[PDB]
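Inside the fold
Next come the chains, spelled out residue by residue.
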There are 2 protein chains.
Amino acid sequence: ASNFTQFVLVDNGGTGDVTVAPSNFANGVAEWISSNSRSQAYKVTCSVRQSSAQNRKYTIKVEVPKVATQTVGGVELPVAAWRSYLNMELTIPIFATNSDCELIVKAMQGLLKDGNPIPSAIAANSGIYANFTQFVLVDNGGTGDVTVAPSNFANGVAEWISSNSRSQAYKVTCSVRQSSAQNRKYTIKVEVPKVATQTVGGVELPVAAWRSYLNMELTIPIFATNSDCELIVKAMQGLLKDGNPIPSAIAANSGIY
Amino acid sequence: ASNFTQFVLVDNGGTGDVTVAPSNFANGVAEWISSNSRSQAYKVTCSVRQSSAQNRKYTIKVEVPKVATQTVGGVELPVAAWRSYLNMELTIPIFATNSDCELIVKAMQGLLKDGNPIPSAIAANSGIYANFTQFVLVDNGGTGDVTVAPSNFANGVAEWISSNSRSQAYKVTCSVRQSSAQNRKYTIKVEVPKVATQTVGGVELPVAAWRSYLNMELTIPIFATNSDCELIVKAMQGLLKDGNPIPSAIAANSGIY
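Residues numbered from 1 in each chain as written, not as in the entry; some residues may be left out. Chains lettered and ligands numbered in written order. Part of a larger assembly, values for the part shown. Heavy atoms only, no water.

X-ray crystallography is the method the PDB entry lists for this structure, together with a resolution of 3.50 Å.

See the structure below:
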């Protein structure tokens, strides 16, 4: 009986597996490593931390490597040419009952699955996909929809807002930026609200009690051809779908149970 | 026709009287002295003073002596070995109508009469009297009770709170502390609230418009045997009962009328 153990994640057809075993947690920072070679392992983190007196923040990063071969000095050194950085910070207040988080996770992971208007950007040209318009996202049974319309981009920072009320809208970002001379970094944050009612001063003000912050920074080198990113996206979004060993922690007691 | 004159106070069986005549008021501070000898007189004060723009504070101290004999140098000098210090500061707002003070006085003096759970402490071992629990205090006719339960003592400061609502609770303190090498000082404050309704922002918030502050500091030397304190308590509480020349001022126009 042991939780936080060797689990499964990103896969395709039948050839190479990605069993992610455990490794470190020093100073409150979970970490998972895969097979024999560390230089080709799939790092992932997770740490609990209450930010103040009315909230609970988290940190679940993810580094997706590449099974390449850096031959420098006559030796074929199996190392990754790049690594991903899916870092999702999520703040959950104490007032928010145990019925908000269940619908928050399916809104963060349930935001980038394998081609959604936000993550299809992370898998193809239209990183907007649609001349950037009103799209679909997080849903459940037939009652409330979440059409996310456009809004701002000032200074290179995409942003999407939903329906009538902004205080209950689903914010999302996206910005292209080459970090240096051999890489290409990104930034796709996500704020998932709550259709609550803050009555302060005798008025029922429809506002969110909290918001999510799914911020995925991804660095892709110029050397990495146009055949690495396709398998990187399905490794970032294809890392937290709706209960994977990493995101099931984002939906239940199980950290890696 | 003269008010603030020779009055009566603390007595027991038929032997020694305690007629407290007038004496000084310099700079707004009433003062009463008893018989021939000042060194054995029963000092008492009283002064009106509006603290700010929405309150009215007071100060009624009381020094109870001892008819002892300090023979130093071959002479029998009739002087007190100690003195009491029943100092009751009471703040009464302008908003509080002329129907709150009547029930405030019977709550300050009507708090320590001659053995109440708070003043029985001032007359015997159980200076709590009860392993410190829910007790009785100020009452009138049959409608609202004032059961004062326990609450805090952090750093040597007793404290009692009443019913459900703290904002309408009857706070009271008590702490033992030897001031030097020849004395033993105390501190028994008391805050009497008002079951009012502060509606600010459209909400009826049950809170007190004011609170009392019956703080009685009492110094008892080591030389003073275990036969002085019994007659000291009935002199402090036995000083303001329910209309005595000193506390009738705390219940009506009469300062010493």
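Past the structure itself, the notes keep going.
With respect to the environment of A:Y257
Residues and elements named next belong to chain A. Along the chain, the position of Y257 falls in the segment after α2 (230–236). For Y257, a relative accessible area of 79% gives the class exposed. Sequence-wise, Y257 and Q6 are 251 residues apart; in three dimensions their C-alpha atoms are separated by 11 Å. In contact with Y257, not counting residues within four places along its chain, are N3 and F4. (Helix = DSSP H or I, 4+ residues; strand = E, 2+ residues; numbered from the N terminus. Buried < 20%, exposed > 50% of the residue type's maximum accessible area, 1.4 Å probe, protein only. Contact = heavy atoms within 4.5 Å.)

A few points about the side chain of B:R211
Residues and elements named next belong to chain B. Assignment of secondary structure puts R211 in the loop between β15 (204–205) and β16 (214–216). Here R211 occupies a buried position and makes no salt bridge, while the nearest side chain of opposite charge, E191, is found at 4.2 Å. A distance of 3.4 Å separates the side chain of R211 from the backbone oxygen of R166, its partner in a polar contact. Within the structure, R211 has its side chain in polar contact with the backbone oxygen of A169 (distance 3.0 Å). The residues contacting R211, other than those within four sequence positions of it, are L90, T91, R166, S167, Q168, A169, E191, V192 and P193. (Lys, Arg positive; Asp, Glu negative; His and termini not counted. Salt bridge = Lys/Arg side-chain N within 4 Å of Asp/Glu carboxyl O. Polar contact = N/O pair within 3.5 Å; in protein donor to acceptor, adjacent residues only side chain to side chain.)

Remarks on the packing of aromatic side chains
Each aromatic ring pair is characterised by the separation of its centres together with the angle its planes make. By the definition in use, this model includes eight aromatic pairs over all chains. Note on A:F135 and A:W160: the rings are 5.7 Å apart at their centroids and 80° apart in plane angle, and the pair reads as edge-to-face. One end of the pair, A:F135, is in the loop between α1 (102–108) and β9 (149–152); the other, A:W160, is in strand β10 (residues 158–161), and 25 residues separate them in sequence. Both residues of the pair, A:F135 and A:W160, belong to the buried class. Seen from their ring centres, B:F132 and B:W160 are 4.6 Å apart, and the 20° between their planes marks the pair as stacked. Linking B:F132 in the loop between α1 (102–108) and β9 (149–152) with B:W160 in strand β10 (residues 158–161), this pair joins segments that are 28 residues apart in sequence. (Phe/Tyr/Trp six-rings, centres within 6.5 Å; stacked < 30°, edge-to-face > 60°.)

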